[PDB]
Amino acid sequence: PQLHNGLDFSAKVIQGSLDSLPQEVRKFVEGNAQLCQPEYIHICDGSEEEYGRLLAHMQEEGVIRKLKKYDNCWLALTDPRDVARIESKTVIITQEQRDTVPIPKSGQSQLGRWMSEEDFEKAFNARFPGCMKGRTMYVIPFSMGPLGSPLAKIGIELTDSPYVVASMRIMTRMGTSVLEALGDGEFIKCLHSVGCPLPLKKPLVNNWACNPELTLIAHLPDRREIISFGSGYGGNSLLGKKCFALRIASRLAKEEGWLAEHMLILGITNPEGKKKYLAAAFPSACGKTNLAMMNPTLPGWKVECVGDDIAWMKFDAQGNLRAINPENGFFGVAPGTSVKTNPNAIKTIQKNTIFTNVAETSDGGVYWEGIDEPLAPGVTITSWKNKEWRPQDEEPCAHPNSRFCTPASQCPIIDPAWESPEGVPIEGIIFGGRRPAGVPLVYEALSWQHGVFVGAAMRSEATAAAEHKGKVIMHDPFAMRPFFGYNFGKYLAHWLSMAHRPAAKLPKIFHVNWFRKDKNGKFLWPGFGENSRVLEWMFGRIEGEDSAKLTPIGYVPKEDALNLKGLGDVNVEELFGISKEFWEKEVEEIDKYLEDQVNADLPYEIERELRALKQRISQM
């Protein structure tokens, strides 16, 4: 009801009907329309017609440019203050801090950023009232996972950014079919604003609306709400991806008995016609997308891609660990992608793809560092800063975290089961990061509990995916440090608890290091497609081959067990060398980190594996 006409927003709906929405969706839309005061409400239907109209609208406003060299591809350039996910402005709100992060022993927690409800209420009220004045509020109904999969979950994103709408169309299943599937069921409430109500108070850089000073990405798992303000970029604004599918989902997974993880999923088939599925957790900028889409160098081997970033997994009634990729496309780092580092990506991204912050060539193409591809005489480059750029300038032509956003269905090696609602059965889990020294090319964990410890102990040299810079070695347990939805100690206990399930077929757990360097600072391992030789070894180990030797850190390949035919140059001694001096320092750093950062919530089984590793190293 109403005594006037300040609550019914029907007269402002320019696509769809508030009457046709499920009751709780209408309330969520109308209540935030009352708060944010948009000029128009557009209820997305997911259609090709809508998508083409939206792209035309952004092209007219100067938000995106058409890349005339390719088929339906587009370029966006951002404000240089809004170029990446921002860990330092991302918070989780729970009544008790301990539900979000373990209470550290001495230091500040690195495992999450808690904010009280009372503080968030102040932050929210400082930001959202009136924030969409003069803009359109888009209503995005989307499904994470195949529509109707048992592991699928539905979200509603409200946003004032047409770029978010277009990107969500690629990255999720979006439109009217989701609403019909949702009915009166529950959904995750996602609210986003770039934070730039009209008339503009600050001028817009690169026609990219954002509010860097007030950027805040907040999660409220008890209310099933995600609330994000001030950034239009990637994981800050595409709320289905990191905010929903890792942070909110990892908490739901804890409650419901499954797992939501920063893992690629791939299927690999050997020359004897056998196929296995593996998942791999690497931190951002450590090569998940290269491995998920690998072109193997070994003949008779085939790799197919199920997903490159997020896995949802659950033991089924038979005890198999079944995984789905909840995304609908790939949001991959552009620079360094080339025919030699990721040829299956090159094939995927030449149609129906949105690029952000890469360089544009004068003939309507795309450029970036490491593309490894010469340009024709006369072809010039406009950098991501919208500036004439020569290979002689110090500037990169593309931002280091520039991205492509591409439909998964177009990948030439997309797995035939990538949308199966029952998921694929996972037989191995791989961990790894960037370790220039000390850590060998591959090893296999001694047991489930040791495997969980290996994940907990992950470390990786700092790169350029968040706001971290330099060549520091930081901890990133399970590749989830920016994405835990709840207390990491309880997360470890949850992983450990999977070994108590009836008829659970626990996968083997491996750790890889593509990044070991010799004294020259040169990579010991060629990597990329040659990593198929490491996968072959893992495949044999899952089948039970006697191809491992025991070391203090776990099992490594026996002499001659790795197929090195071709690269006869490889320094095997240094690639698999294990130094007592290095590993004594390594266990000490893990011990200090686990004691401070997990403290009273560290499971005894993890502390036991640390003691066991310390003892095996002392006996070297």
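For every residue, the number given is its place in the sequence shown, counted from 1. Take the two forms, find the largest set of C-alpha atoms that superpose within 1.5 Å, and that set is the rigid core.
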query: Core-aligned Cα RMS comparison in 8 other deposited structures of this protein - stretch that moves more, 563-571 or 547-555; finding: 563-571
query: Stretch departing more from the displayed form, 269-277 or 98-106, Cα RMS in 8 other deposited structures of this protein (core fit); finding: 98-106
query: Between 342-350 and 386-394 (mean CA B-factor, as deposited), the higher; finding: 386-394
query: Mean C-alpha B-factor comparison - 567-575 and 23-31, higher one; finding: 567-575
query: Identity of residue with top Cα B-factor, from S149, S193, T136, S460; finding: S149
query: Highest recorded Cα temperature factor - choice among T289, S284, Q95, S231; finding: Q95
query: Third of the chain, ranked by Cα B-factor, where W583 sits; finding: middle
query: Among modelled residues of the same chain, the CA temperature factor third for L535; finding: lowest
query: Ranked against its chain, the third holding the CA B-factor of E261; finding: lowest
query: Third of chain Cα B-factors occupied by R434; finding: middle
query: Chain-relative CA temperature factor third for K69; finding: middle
